[PDB]
*Asks:* 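Dropping the structure in here first, questions after.
The figures here come from the full heavy-atom set of this structure, side chains too, leaving out hydrogens, waters and symmetry mates. Throughout, a chain's letter reflects where its sequence line sits, starting with A, and its residues are numbered from 1.
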Amino acid sequence: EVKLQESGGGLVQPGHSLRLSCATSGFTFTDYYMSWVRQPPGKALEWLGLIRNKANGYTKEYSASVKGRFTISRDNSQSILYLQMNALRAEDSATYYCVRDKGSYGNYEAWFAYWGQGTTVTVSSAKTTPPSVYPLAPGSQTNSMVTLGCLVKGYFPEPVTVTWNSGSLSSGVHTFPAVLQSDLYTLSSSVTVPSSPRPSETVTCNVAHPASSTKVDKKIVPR
Amino acid sequence: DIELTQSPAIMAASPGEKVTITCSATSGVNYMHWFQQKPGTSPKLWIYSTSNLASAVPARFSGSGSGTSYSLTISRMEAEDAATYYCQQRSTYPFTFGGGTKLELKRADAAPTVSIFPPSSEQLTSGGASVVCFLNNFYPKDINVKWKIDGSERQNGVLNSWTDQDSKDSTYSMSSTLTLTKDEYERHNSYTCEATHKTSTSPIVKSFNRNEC
Ligand SMILES: Cc1ncc(COP(=O)(O)O)c(CN[C@H](C)C(=O)O)c1O
């Protein structure tokens, strides 16, 4: 199974540098070209560049918007692809993906077909801040389905991950995009479950904020 | 430095309807590639080398063109096809992607399920008062929310959040949060969440009365 995994993404101060990583497996790294692609939130994809395979001297090609600031490299030992970003600007805030590019064969249907999950890079001078997690229980079994929620506000930066009942609850879950306001992010998440299972089994939302190494659970008690 | 413009930038297709996405270049390319990206996921290769369908890609899909004008077509629209499509050229360095085309799938009108929640005891202990409202699983997208405290309309302090078309039922969900100081929140008695949607002549509303206990 082919796997690509980016990381290194997080909060970075304007004008500084950040190096992203992309661990791979499931294929002979050195036989393939690798590309880097980014997508700023709610915007189009942008190709940043690629690096070639052994046969082609591991040469690099770059997009015009980053030639000079960004460098692509690869550690063929550990089969890891890298992206060095210098003099970062807000426009660099986005989700970065590494992609297996062309290889030493004719498996064309496979070119640019494998992408990592992507890592979020945030370029801002704003300070980090953990989230306050608040439960959302209805005011007054009115129906057959009761909706619950979790309020995650005042954190920075993105992302945060919300799950319900350690993930055992994925159905009926809604996690709205975060909204920024005054250097602080706020987001909510709703879950719908049958009146029967609650309050009878227990619903809990789990929130994790890597940037702040925060991780908390919040039972949803009725009110 | 080839730039690729796609049109339309946004579109809604009825089930079965034929769909055509065009990608135009500032210079000639030998081939055109297409990618389909669904909300919260990584892009997936869809069409490569202009007209070759990638793995798991349905036959109703096809691609064509040459020179500086290419297109992607869906003979009969299916719910599974709703997503954002992107074209790509690797004929000249640097490779580049198109502006993108956000393709939603039209469906039966659905009224939003409105849920309102008063501030948690926790937040209140902290000195803040956020009143939240969910407007879940509706369609079309066009929905308008209004907050009413004791009958009056509230504008400032209202943060909205919209999701993209859900893959499970093809609906849209919105969350509206009204943040107030504990002081302003307790200065009032009735909070309402009012949503106007094409599914109803009169607003769909939910409210709650602040109670002491
Ligand atoms: C994924 C990919 N990588 C790299 C290259 C070019 O490799 P190099 O620069 O080392 O010669 C191509 C060719 N583009 C084809 C021709 C196309 O879609 O036009 C490609 O499709």
*Asks:* Answer yes or no: is there a donor N or O on one side and an acceptor on the other, between the side chain of A/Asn165 and the main chain of A/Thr202, under 3.5 Å?
*Replies:* yes

*Asks:* Name the region of A/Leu187, side chain, backbone, both or neither, that has any atom closer than 4.5 Å to a heavy atom of chain B.
*Replies:* neither

*Asks:* Is chain B contacted by the side chain of A/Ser132, its backbone, both, or neither, given a heavy-atom distance below 4.5 Å?
*Replies:* neither

*Asks:* With a 4.5 angstrom heavy-atom cut-off, is it the side chain or the backbone of A/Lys218 that approaches chain B, or both, or neither?
*Replies:* side chain

*Asks:* Can you tell which of A/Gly116, A/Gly149, A/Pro135, A/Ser190 has the highest number of heavy-atom pairs within less than 4.5 Å of chain B?
*Replies:*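 Option with the greatest count: A/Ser190.
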
*Asks:* Under a plain distance cut-off of 3.5 Å, with no hydrogens placed, do B/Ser130 and B/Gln123 share a side-chain donor-acceptor pair?
*Replies:* yes

*Asks:* Please name the pair of heavy atoms, one in B/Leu45 and one in A/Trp111, separated by the smallest distance, quoted to 0.1 Å.
*Replies:* CD2-O, 3.5 Å

*Asks:* Sort B/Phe95 into side chain, backbone, both or neither according to what part of it lies under 4.5 angstrom from a heavy atom of chain A.
*Replies:*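 For B/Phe95, backbone and side chain are both near chain A.
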
*Asks:* Mind checking whether A/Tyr96 and A/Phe70 have parallel, tilted or perpendicular rings, split at 30° and 60°?
*Replies:*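 The rings of A/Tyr96 and A/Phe70 sit tilted, inter-plane angle from 30° to 60°.
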
*Asks:* Is the distance between the ring centroids of B/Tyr70 and B/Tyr31 under 6.0 Å?
*Replies:*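 Distance test on ring centres: not under 6.0 Å, no.
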
*Asks:* What part of B/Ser49 lies closer than 4.5 angstrom to a heavy atom of chain A: side chain, backbone, both or neither?
*Replies:* neither

*Asks:* Salt bridge or not between B/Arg90 and A/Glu61? Use side-chain N to carboxylate O under 4.0 Å.
*Replies:*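 Salt bridge flag = no for A/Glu61 with B/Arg90.
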
*Asks:* Is A/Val37 in contact with chain B via its backbone, its side chain, both, or neither, using a 4.5 Å heavy-atom distance?
*Replies:*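 Contact with chain B involves the side chain of A/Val37 alone.
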
*Asks:* Any idea which of B/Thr163, B/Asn136, B/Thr177 has the most non-hydrogen atom pairs under 4.5 angstrom with chain A?
*Replies:* B/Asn136

*Asks:* So for B/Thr179, is it side chain, backbone, both, or neither that comes closer than 4.5 Å to the heavy atoms of chain A?
*Replies:*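 Side chain only.
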
*Asks:* Would you say the ring centroid of B/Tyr48 lies under 6.0 angstrom from that of A/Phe112?
*Replies:* no

